[PDB]
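Starting off, we have a lone chain in the form deposited in one PDB entry, written out as structure tokens.
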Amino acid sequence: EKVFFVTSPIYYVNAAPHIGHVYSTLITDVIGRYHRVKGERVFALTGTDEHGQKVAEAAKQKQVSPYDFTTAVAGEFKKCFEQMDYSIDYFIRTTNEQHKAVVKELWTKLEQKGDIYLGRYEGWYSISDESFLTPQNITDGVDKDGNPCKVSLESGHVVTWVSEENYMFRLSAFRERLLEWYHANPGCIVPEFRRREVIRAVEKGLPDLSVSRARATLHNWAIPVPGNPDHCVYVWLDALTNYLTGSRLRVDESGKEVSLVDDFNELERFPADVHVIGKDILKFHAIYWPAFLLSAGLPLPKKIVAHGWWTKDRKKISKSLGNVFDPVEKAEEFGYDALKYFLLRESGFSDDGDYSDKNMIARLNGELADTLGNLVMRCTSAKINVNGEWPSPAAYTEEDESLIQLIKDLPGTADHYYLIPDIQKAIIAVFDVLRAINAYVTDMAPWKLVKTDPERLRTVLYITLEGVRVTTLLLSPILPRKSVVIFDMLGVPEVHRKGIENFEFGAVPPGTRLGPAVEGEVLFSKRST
């Protein structure tokens, strides 16, 4: 029994925030939310990666001091995530003094167990990705302007040769112990094919890792290696330590950090239950990170879910090349909950998704408006629900027991998808049941039963309300604002809107009064063809 701990990756602050970071954090936010809906202590963590050469030089380009720059951008991030209506507990910055204490404390652990030694790194490097790459992983390409140069195959960004005396981590010694972990825990990297990638890599062989860099190279914009001011710590070790730092910070209601604890157990968050990340940063989390943690004798995480990169109208995203995709703007256009749904629904973690205003409307009209929207407006109209209450149900037909089974079985299958995690599958799961409820309703024809057979209408309405309820509960994390509006319409008491107990069918007693119906309001609004 522990605080469920879920992360988004801390984002480089070299440019403004955009869909990549928003999507990543939404997943994190959703996973966190669901576990809270369960009624569990949760700790969600997003943040910014502010040190290193990439950011140091991005500051230099705009021609302002990095101290000013990083605080400026971090602000654009805090603003945007605040606009997206997330429920992240704390927002972490690698410039934070408590974080340094941790980073240094972690360093010394690695040093005291003798897994750090002074060496050299002579090889390729991407500043834009802050990644060490072998000659096999680089190719010919084009300079930021004219000239021929070498680029990364992974990312297409320029690589420079580096020949520095660095401090070296014995990553090569943790190959065998990594492969046991990949096996021992064969659902610890999601999705499965990304797990096969990681194993295949570690199987080939692992070099040692440069965990320090010549102070000059970095423009002194990093964390000093303990005992040697000539060096600074690899921006990635710095960043990967964010998870441990955040696990150790007591946090006030205003959201400001108020204290760094000595030991990770004191807050019961570490090790992270889930690390949400993107495909592009897999090796750091799936190879380096566990190797570090093993070295330092800390526990390893439970799950790492890597996702893909987005597009718009089948063309990659770029502010400069004619195809932008501003989430705060599209959220203001179509609705914040609606946009989150689309992003979570349209593409699963094994896929590089495709937004378009066409499909956004298709799914908004088809699913949000027509499936779910009509269902809540039906079972709560004056027309069908003449007493504005939860009716007491008569005897159940087999076709009733049929639907009830779905509704009963739904929580458990959604629990699994949410836990994998596979948020797409979980949404579909729910909607299958919503579709099933709209069939049952069309078939029972309650509009007609209000005059023919009120004793029967009681059993239909009840099942429909309880269906809509349980489905809405399990969509809570996806549609946080709209689920509340739904629950209000239904008149579901606040105690019943959360908690594992209210997954069970029949948790709201009959006689429960519905919410006051406002005439002007709809739940979802259709858009043009």
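All residue numbers are counted from 1 along the displayed sequence. Only residues modelled in both forms are compared. Definition used throughout: the rigid core is the maximal C-alpha set that superposes within 1.5 Å between two forms.
Not on display, but discussed next: the form deposited in another entry.
Following superposition on the rigid core between this form and the one not shown, the residue from 370, 268, 351, 332 with a C-alpha displacement of 2 angstroms or more is 351, and no other. Relative to the superposed core, residue 311 undergoes a C-alpha shift of no less than 2 Å between this form and the one not shown. Between residue 352 and residue 48, the C-alpha separation grows by 3 Å or more in that other deposited form, relative to the conformation displayed.
One change in that other deposited form concerns residue 311 and residue 188, whose Cα atoms lie at least 3 Å closer than in this form. After superposition on the rigid core, stretches of three or more consecutive residues whose Cα atoms move by at least 2 Å between this form and the one not shown are found at 309 to 315, 350 to 354.
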